[PDB]
Amino acid sequence: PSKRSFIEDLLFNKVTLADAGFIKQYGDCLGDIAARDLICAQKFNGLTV
Amino acid sequence: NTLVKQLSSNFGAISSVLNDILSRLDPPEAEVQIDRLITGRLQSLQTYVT
Amino acid sequence: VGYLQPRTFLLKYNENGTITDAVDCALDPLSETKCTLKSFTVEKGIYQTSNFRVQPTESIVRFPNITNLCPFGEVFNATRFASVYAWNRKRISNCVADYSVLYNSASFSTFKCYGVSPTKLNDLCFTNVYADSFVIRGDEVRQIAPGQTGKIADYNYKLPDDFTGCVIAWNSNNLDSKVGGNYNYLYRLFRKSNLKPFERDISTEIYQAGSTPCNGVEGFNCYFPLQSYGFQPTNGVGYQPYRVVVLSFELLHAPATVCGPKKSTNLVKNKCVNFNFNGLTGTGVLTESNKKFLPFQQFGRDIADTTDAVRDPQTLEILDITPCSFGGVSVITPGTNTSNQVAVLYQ
Amino acid sequence: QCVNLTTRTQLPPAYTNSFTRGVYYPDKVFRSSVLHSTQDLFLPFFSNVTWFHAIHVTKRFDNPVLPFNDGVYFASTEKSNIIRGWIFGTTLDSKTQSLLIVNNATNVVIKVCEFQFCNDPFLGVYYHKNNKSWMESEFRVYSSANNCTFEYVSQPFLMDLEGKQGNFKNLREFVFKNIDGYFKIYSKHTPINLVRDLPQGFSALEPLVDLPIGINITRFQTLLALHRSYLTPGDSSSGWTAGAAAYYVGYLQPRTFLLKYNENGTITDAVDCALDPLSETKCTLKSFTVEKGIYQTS
Amino acid sequence: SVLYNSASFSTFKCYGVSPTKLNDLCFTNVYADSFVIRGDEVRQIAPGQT
Ligand SMILES: *[C@@H]1O[C@H](CO)[C@@H](O[C@@H]2O[C@H](CO)[C@@H](O)[C@H](O)[C@H]2NC(C)=O)[C@H](O)[C@H]1NC(C)=O
Ligand SMILES: *[C@@H]1O[C@H](CO)[C@@H](O[C@@H]2O[C@H](CO)[C@@H](O)[C@H](O)[C@H]2NC(C)=O)[C@H](O)[C@H]1NC(C)=O
Ligand SMILES: *[C@@H]1O[C@H](CO)[C@@H](O[C@@H]2O[C@H](CO)[C@@H](O)[C@H](O)[C@H]2NC(C)=O)[C@H](O)[C@H]1NC(C)=O
Ligand SMILES: *[C@@H]1O[C@H](CO)[C@@H](O[C@@H]2O[C@H](CO)[C@@H](O)[C@H](O)[C@H]2NC(C)=O)[C@H](O)[C@H]1NC(C)=O
Ligand SMILES: *[C@@H]1O[C@H](CO)[C@@H](O[C@@H]2O[C@H](CO)[C@@H](O)[C@H](O)[C@H]2NC(C)=O)[C@H](O)[C@H]1NC(C)=O
Ligand SMILES: *[C@@H]1O[C@H](CO)[C@@H](O)[C@H](O)[C@H]1NC(C)=O
Ligand SMILES: *[C@@H]1O[C@H](CO)[C@@H](O)[C@H](O)[C@H]1NC(C)=O
Ligand SMILES: *[C@@H]1O[C@H](CO)[C@@H](O)[C@H](O)[C@H]1NC(C)=O
Ligand SMILES: *[C@@H]1O[C@H](CO)[C@@H](O)[C@H](O)[C@H]1NC(C)=O
Ligand SMILES: *[C@@H]1O[C@H](CO)[C@@H](O)[C@H](O)[C@H]1NC(C)=O
Ligand SMILES: *[C@@H]1O[C@H](CO)[C@@H](O)[C@H](O)[C@H]1NC(C)=O
């Protein structure tokens, strides 16, 4: 799908990003999931990436 | 994550939770505690930005 | 006819001092960027404005089911009080603390509260309530306070440095003064060391003022430690009797049972609502929780120390609390010089 | 009436080690999936506790008066309900006020009075051969109790009292504190299967009661029970056997601990931040795992 | 404490020191000022009064 070379595909699997994607919806973390998942804990205090 | 953790510091106030201070204290006495918390949290943001 | 609301405005003063223009900072995201840049002109670009905010609709109150009124009548209207050296302590529980019933019968010369404002008493619930009672001389009332010295505060009754509660004192010359002299009330005068906070010493052993032990005989430099007040109707105000009650309690940490006068509403879920649980106030959305609290706990707190779970004091079910402001916003403008049309991005 | 027990062999005191024991919940707030630091009076890890026996075989009916320094960790390994309570005080001789916490066959009794305690207080269980039954006969603790300020009696129950033969089956842990006029008690019960030595493991104690007594405790003494039968011939002071039981005493100090809460809210592990430099780096990194390297401690 | 058994004070207030530390201190250049006033005027013997 990604028009990447074999070596680029190998390299991209050796660094693990903190969060994949930039759309985390409000309904996705409501209740328990908040304050457990670190990204939602950040986003409920004004800290966005 | 360090910025998120630094929200539990009193900075010399009765508590680090605003809702706990706002109940049990009237505005003139709650203002001094809130002022301590505000100064501490502005300092944390400043350190992060530097 | 129009109606005013609390708003933030950016007003413009010309060189003569007249207001010629204004910006309503909460009308639009465009107005918000105008307000932030502190200018009436915006250049072309993309600006972060503020996270998406939701205002609450309802307010709810949840207090426990309490029907009885607290015993103000056998605390403040007792026929006989204790001596200060053997002071009295009484447990209070399962009662509504509606103190305006004291208005029409009681007048207090002293009433001071520590760790709480007197204007919040009506909206709170109280944990581990105790009442201490004694009688002292009028001059000595100033010593019932944290960090005081004097014989009452050293040998008879000591308060903690960190004290939450109220001290209440009233003149009782009519009840505790006798024409011959009332000698029922006693106080300690000699003690080897100062008392610890909330400690009661009731011994009667001969005090050794110097060397040459007493063998409990009460001779020269060997005293009886307890002494009597002489309360007569014609004394100066400094020497008249005073009745003192000290109320001790805890706030907003553990389950409570006293809970002052305030009517409870229904529990509404999945909406942003102002809430009051056992005196603890906040804003947010309530949801059903899978957490299981041990019987001795009432609130749950996260890493940032804010309260995120609560046991309902009526139905005894655990509820999660979530903020209702979440999500980033941006505004795209071609320049205010060119147009007023904008686009908004919700991230 | 008070009787001075005779026929008891004297032995040197014994010591053992506490293996991460004596942790209790510091407050009443629910927490889950978190490492939390707290400074309070704890029993230090790997400490040196004193060990006491009630073993007939020697008799060795131990009940010394012990210090109460800043609070006590009390552990008890039992199978037959020998340890029955405690007395806390300063002089224990009716000139001052003392606290009695006793479990008699039917009730739990908590009193704060001016007691003339016996020099050797104890409780007595008697066994009848003709009909097999153990019943409580003696209560020899104090001569007189005069000015009582606080009193509590629990609801009636029937206890077992039967002498058992296996190894120890029940561990009962208590923590006692005295702060600002409140006597605070934490406790926990655990099933065990062992013969000697305080066991390994971790288990946090939960709040039990908080008594407003307002007295100056400095010393304390354990209240045990006796067995008498037809095989115990003699007078009151010599005709008595013991019944096996053991108890351990340790003393609390102000320490900083790093407690671990799992996803259900129970304390499952702890780090004593002032035991070792390794523990200090654990405490600073706020983790139970340390990677290879060199760390500045203090 | 030798004053305990004979004297009763309606007013006793200390500035620059806590009353619970008096027993552990040593004092330099001690002076005592004495006078008699009306009862209403006692509140005026304090710093910054009119
Ligand atoms: C609590 O009780 C203890 C023991 O009775 C008191 O400590 C003693 O104090 C005397 C002098 O008052 C000393 O001679 C003893 O050596 C002390 N013994 C111990 C074990 O400390 C203590 O003062 C009392 N505390 C209060 C507040 O009265
Ligand atoms: C058990 O032994 C103690 C001694 O340790 C006895 O207590 C003594 O009693 C006599 C007479 O009343 C007093 O003169 C002593 O001062 C006491 N000693 C102590 C240390 O208190 C006690 O009477 C004995 N119990 C009996 C015989 O039943
Ligand atoms: C635990 O504490 C006891 C009491 O202090 C220690 O026993 C002492 O040990 C030293 C060195 O072995 C001896 O010189 C003393 O005579 C002992 N005192 C007594 C009363 O026996 C003991 O060593 C400590 N540690 C252990 C592991 O038992
Ligand atoms: C255990 O202690 C309780 C309380 O001290 C005893 O209960 C009391 O017994 C007396 C004697 O019959 C009664 O007059 C009291 O009314 C009882 N108090 C209660 C029930 O609260 C109890 O009998 C004791 N048990 C044993 C086996 O001695
Ligand atoms: C502690 O107990 C003593 C001994 O009974 C009490 O002193 C006596 O109390 C009675 C009861 O009114 C009086 O009739 C006596 O005159 C008192 N003195 C003597 C020498 O018997 C004392 O009151 C009690 N203290 C407290 C605080 O209850
Ligand atoms: C300000 O005052 C001057 C002098 O009166 C006047 O000429 C001018 O029109 C006024 N307004 C502005 C906007 O300068
Ligand atoms: C206090 O008790 C007396 C006794 O009769 C009564 O007359 C008085 O009204 C009471 N005051 C109250 C209940 O406020
Ligand atoms: C309190 O009231 C609620 C509703 O009226 C009821 O469900 C509950 O059983 C009552 N008692 C307690 C202890 O909550
Ligand atoms: C038999 O048992 C009962 C109750 O256990 C006891 O009261 C009775 O004394 C026993 N028999 C004899 C002879 O003691
Ligand atoms: C937590 O609670 C669940 C549900 O009761 C249980 O299955 C589990 O064993 C408990 N302990 C841990 C460590 O998850
Ligand atoms: C003060 O002086 C009078 C004069 O005789 C004396 O009676 C009284 O006891 C004195 N008070 C003291 C020394 O506290």
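Just so you know, ligand 1 is whichever comes first in the structure, and atom 1 is the first atom listed for that ligand. To find a chain, count down the sequence lines: A is the first, B the second, and so on, and within it residues start at 1.
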The ring pair (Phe, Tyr, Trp, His ring centres under 6.0 Å) partner of C:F134 among C:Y185, C:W87, C:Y157, C:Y85 is C:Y157
Legend entry - Polar contact flag for D:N147 and ligand 5 (N/O pairs, less than 3.5 Å): yes
- request: Would you verify that at least one protein heavy atom lies under 4.0 Å from atom 7 (O) of ligand 11, or report that none does?
  value: no
Heavy atoms of D:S47 and D:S18 approach each other most closely as N-OG, 3.2 Å
Can you confirm if the NZ or CZ of C:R91 lies within 45° of the ring axis of C:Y130 and under 6.0 Å from the centre of its six-membered ring? yes
Let me check something: any side-chain donor-acceptor pairs from residues 170-182 of chain D under 3.5 Å, sequence neighbours excluded? List them with distances.
| unit_1 | atom_1 | unit_2 | atom_2 | d |
| --- | --- | --- | --- | --- |
| D:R172 | NH2 | D:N81 | OD1 | 3.2 |
| D:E173 | OE2 | D:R21 | NH1 | 2.7 |
| D:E173 | OE2 | D:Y73 | OH | 3.1 |
| D:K177 | NZ | D:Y24 | OH | 3.3 |
| D:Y182 | OH | C:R89 | NH2 | 3.1 |

Distance col, row D:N104:CG vs D:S154:OG, nearest 0.5 angstrom, shows 10.0 Å
Under 4.0 Å from ligand 3, residues with heavy atoms, in chain and number order, are D:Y15, D:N48
Ligand 5 to D:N146, heavy atom cutoff 4.0 Å, flagged ligand atoms 1 (C), 2 (O), 3 (C), 4 (C), 5 (O)
**OP:** For the residue pair D:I267 and D:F202, establish whether any side-chain heavy-atom pair is separated by less than 4.5 Å.
**Re:** yes
Closest to atom 12 (C) of ligand 11 among protein heavy atoms sits E:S6 OG, 4.0 Å
E:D40, CG: over 12 other non-hydrogen atoms inside 6.0 angstrom | no
message = Any nitrogen or oxygen of D:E114 lying under 3.5 Å from a nitrogen or oxygen in ligand 5? Just yes or no.
response = no
Under 6.0 Å from the six-membered ring centre of E:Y15 and within 45° of its axis: does the NZ or CZ of E:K13 meet both? yes
